[PDB]
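Chemist: One structure, pasted below without further comment.
Every residue, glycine among them, receives a Cβ derived from its backbone with ideal geometry; neighbour counts consider all protein chains shown. Nothing in this text is a laboratory measurement; each read-out follows from the coordinates by a stated rule.
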Amino acid sequence: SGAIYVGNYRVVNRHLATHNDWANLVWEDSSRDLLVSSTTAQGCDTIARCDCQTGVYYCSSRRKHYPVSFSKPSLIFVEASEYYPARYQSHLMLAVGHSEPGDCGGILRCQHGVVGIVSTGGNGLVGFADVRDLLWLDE
Ligand SMILES: NC(=O)[C@H]1CCCN(C(=O)Cc2ccnc(Cl)c2Br)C1
Ligand SMILES: [Zn+2]
C-alpha cells in the first residue's frame with residue numbers, strides 16, 4: 001500500500017484506488033497504473049524534477065529502505081494479473097531488487113524528492129511508476 005500527498009492531490013496506483021479516490025478523481029491513466037484524486041487537507045511531499053537514475057525505495061515486506069539504480073521511464077511489458085490484461089505499461093522504471101504484491105505504493109526518492117511509486121514486481125526486478133513528468137502536481 002502507499003500514496004504521495006502533494007498539495008491538494010493524492011497519487012496512488014490505479015489498481016489499488018478506493019471508492020473515495022474515484023468519487024474525487026482528477027486524472028487517471030491505465031497504461032501508467034496511476035490515479036490522482038483531490039484532497040481536502042493540504043499535502044507537503046516534494047516531487048523530484050530531474051532525470052536521476054539512482055535512488056532509495058521503501059520495501060514494506062522487509063521494513064527496509066534499499067538504494068537502487070533504475071532505468072529511464074519506458075514501455076515495458078507486464079504479465080496478466082487480476083487487475084489488468086497482458087499489456088505494455090508506459091513510464092515504468094526498473095531496478096534489480098526485492099518486491100512482493102504488498103510492496104505496491106512504496107515510495108522511491110532521490111536527494112530532490114519523490115521519484116515515483118512501486119507498481120510492478122517479481123523475478124528479482126522491482127518496477128516504479130514515474131511521476132516526475134506530471135508538472136501540474138505542484139500547483
Ligand atoms: N502494474 C501492474 O500491472 C501490477 C498490478 C498488480 C500485480 N502486478 C505485479 O507486478 C505483482 C507484484 C509482484 C511482486 N512485487 C510487486 Cl511490488 C508486485 Br506489484 C502487476
Ligand atoms: Zn533526482
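Chemist: Only one of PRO67, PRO73 is out of contact with any helix residue (DSSP H, G or I) (no Cβ under 8 Å at 6 or more places or on another chain), without any contact (Cβ under 8 Å) to a residue 60 or more places away in the chain and closer than 20 Å to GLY121 by Cα. Can you tell me which?
Modeler: Only one candidate qualifies: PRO67.
Chemist: Given the conditions (1) out of contact with any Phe, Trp or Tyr (no Cβ under 9 Å at 6 or more places or on another chain); (2) farther than 16 Å from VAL131 by Cβ; (3) of a type outside the set (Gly, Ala, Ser), and given that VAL68 satisfies all but one, which numbered condition is not satisfied?
Modeler: Tallying (1) out of contact with any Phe, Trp or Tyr (no Cβ under 9 Å at 6 or more places or on another chain); (2) farther than 16 Å from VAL131 by Cβ; (3) of a type outside the set (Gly, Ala, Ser), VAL68 fails exactly one: (1).
Chemist: OK, next. What about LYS64, is it more than 16 Å from ligand 2 (Cβ to nearest atom) and either under 17 Å from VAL6 (Cβ atoms) or among the basic types (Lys, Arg) (or both)?
Modeler: Taking the combined requirement at face value, the residue satisfies it.
Chemist: Somewhere in the stretch 9-26, is a residue within 16 Å of ligand 2 (Cβ to nearest atom), loosely packed, with under 14 Cβ neighbours inside 10 Å and not in a strand (DSSP E or B)?
Modeler: no
Chemist: Can you list the strands (runs of 3 or more DSSP E) found entirely within the stretch 57-139 that contain at least 3 residues being buried (at least 16 other Cβ atoms within 10 Å of the Cβ) and away from ligand 1 (no atom under 14 Å from the Cβ)?
Modeler: Of the strands (runs of 3 or more DSSP E) lying wholly inside the stretch 57-139, those with at least 3 residues that are buried (at least 16 other Cβ atoms within 10 Å of the Cβ) and away from ligand 1 (no atom under 14 Å from the Cβ) span 113-120.
Chemist: Right, next: Please tell me if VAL114 is within 13 Å of ligand 2 (Cβ to nearest atom), within 22 Å of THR18 (Cβ to Cβ) and of a type outside the set (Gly, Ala, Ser).
Modeler: So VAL114 passes the test.
Chemist: How many of the residues making up the stretch 97-111 are of a type outside the set (D, E, K, R) and within 16 Å of ligand 2 (Cβ to nearest atom)?
Modeler: The qualifying residues number 4.
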